[PDB]
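So this first bit is one chain, no partners, the form deposited in one PDB entry, shown in C-alpha coordinates.
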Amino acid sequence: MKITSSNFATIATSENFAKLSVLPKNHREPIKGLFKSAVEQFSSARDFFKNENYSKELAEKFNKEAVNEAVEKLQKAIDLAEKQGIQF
(Lines give C-alpha, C1' and ligand atoms only; values in the text may rest on other atoms or scores of the structure.)
Protein backbone atom coordinates (compact mmCIF):
# COMPACT_ATOMS: atom_id res chain seq x y z
CA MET A 1 0.00 0.00 0.00
CA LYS A 2 1.17 3.56 -0.81
CA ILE A 3 0.33 6.48 1.49
CA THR A 4 -0.42 9.95 0.10
CA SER A 5 -1.79 13.21 1.47
CA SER A 6 -5.10 12.12 -0.09
CA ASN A 7 -4.75 8.54 1.10
CA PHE A 8 -3.98 9.96 4.55
CA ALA A 9 -6.91 10.19 7.00
CA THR A 10 -8.55 7.49 4.88
CA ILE A 11 -5.83 5.12 6.15
CA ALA A 12 -4.95 6.72 9.55
CA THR A 13 -8.23 5.61 11.11
CA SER A 14 -8.84 4.21 14.58
CA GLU A 15 -10.02 1.01 12.90
CA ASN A 16 -6.64 0.26 11.30
CA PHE A 17 -5.07 1.44 14.57
CA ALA A 18 -7.13 -1.22 16.36
CA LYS A 19 -5.83 -3.91 13.99
CA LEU A 20 -2.39 -3.29 15.55
CA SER A 21 -3.41 -4.44 19.03
CA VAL A 22 -2.95 -7.95 17.56
CA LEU A 23 0.82 -7.58 17.66
CA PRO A 24 3.06 -8.21 20.69
CA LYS A 25 3.79 -5.12 22.76
CA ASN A 26 7.40 -4.87 21.54
CA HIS A 27 6.09 -4.99 17.95
CA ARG A 28 2.79 -3.16 18.49
CA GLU A 29 3.77 -0.12 20.61
CA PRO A 30 6.54 1.13 18.25
CA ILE A 31 4.33 0.93 15.15
CA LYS A 32 1.59 2.60 17.19
CA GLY A 33 4.02 5.39 18.04
CA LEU A 34 4.85 6.08 14.39
CA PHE A 35 1.12 5.92 13.62
CA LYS A 36 0.35 8.48 16.32
CA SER A 37 3.27 10.73 15.38
CA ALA A 38 2.10 10.88 11.77
CA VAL A 39 -1.44 11.75 12.89
CA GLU A 40 -0.19 14.60 15.07
CA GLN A 41 2.14 15.94 12.38
CA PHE A 42 -0.44 15.99 9.57
CA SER A 43 -3.13 17.49 11.83
CA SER A 44 -0.89 20.49 12.60
CA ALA A 45 0.49 20.81 9.04
CA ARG A 46 -1.23 24.11 8.22
CA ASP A 47 -0.65 25.53 11.72
CA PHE A 48 1.99 27.76 10.12
CA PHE A 49 -0.67 29.55 8.06
CA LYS A 50 -2.12 30.70 11.40
CA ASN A 51 1.24 32.09 12.52
CA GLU A 52 2.06 35.54 11.16
CA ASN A 53 5.78 35.74 12.01
CA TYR A 54 6.38 33.41 9.06
CA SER A 55 5.86 34.43 5.45
CA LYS A 56 3.09 32.71 3.49
CA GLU A 57 5.68 31.28 1.10
CA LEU A 58 7.86 30.11 4.01
CA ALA A 59 4.74 28.65 5.64
CA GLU A 60 3.95 26.64 2.50
CA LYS A 61 7.49 25.21 2.76
CA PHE A 62 6.84 23.65 6.17
CA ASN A 63 3.44 22.40 4.96
CA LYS A 64 5.05 20.33 2.19
CA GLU A 65 7.75 19.33 4.69
CA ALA A 66 5.24 18.32 7.37
CA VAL A 67 2.87 16.39 5.09
CA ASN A 68 5.74 14.47 3.52
CA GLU A 69 7.28 13.53 6.87
CA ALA A 70 3.82 12.53 8.11
CA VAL A 71 3.01 10.22 5.19
CA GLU A 72 6.57 8.93 5.60
CA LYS A 73 5.79 7.99 9.20
CA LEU A 74 2.45 6.37 8.34
CA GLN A 75 4.01 4.37 5.51
CA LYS A 76 6.69 2.99 7.84
CA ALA A 77 4.03 2.03 10.37
CA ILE A 78 1.91 0.36 7.67
CA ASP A 79 4.89 -1.45 6.15
CA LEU A 80 6.42 -2.48 9.49
CA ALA A 81 3.02 -3.81 10.57
CA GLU A 82 2.37 -5.70 7.33
CA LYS A 83 5.71 -7.48 7.72
CA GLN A 84 4.62 -8.40 11.24
CA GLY A 85 1.50 -9.88 9.64
CA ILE A 86 -1.43 -7.51 10.08
CA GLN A 87 -3.06 -6.61 6.76
CA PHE A 88 -5.02 -3.47 5.94
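By rigid core we mean the largest C-alpha set that fits within 1.5 Å across both forms. Only residues modelled in both forms are compared. From 1 onward, residues are counted along the sequence shown.
Beyond the structure shown, there is the form deposited in another entry, which is absent from this document and is the topic of what follows.
Residue 37 shows a C-alpha shift below 2 Å between the shown form and the other one [criterion: core-superposed Cα displacement of 2 Å]. Residue 28 shows a C-alpha shift below 2 Å between the shown form and the other one [criterion: core-superposed Cα displacement of 2 Å]. Core-superposed comparison between the shown form and the other one: the CA of residue 68 exceeds or equals a 2 Å shift. Inter-residue distance, residue 62 to residue 8 (Cα): increased by at least 3 Å in that other deposited form versus the depicted form.
Legend note: Cα of residue 58 to Cα of residue 34 is at least 3 Å farther in that other deposited form than in the depicted form. Look at the core-aligned forms between the shown form and the other one and you find a single run of 3 or more residues with C-alpha shifts of 2 angstroms or more, at 46 to 88.
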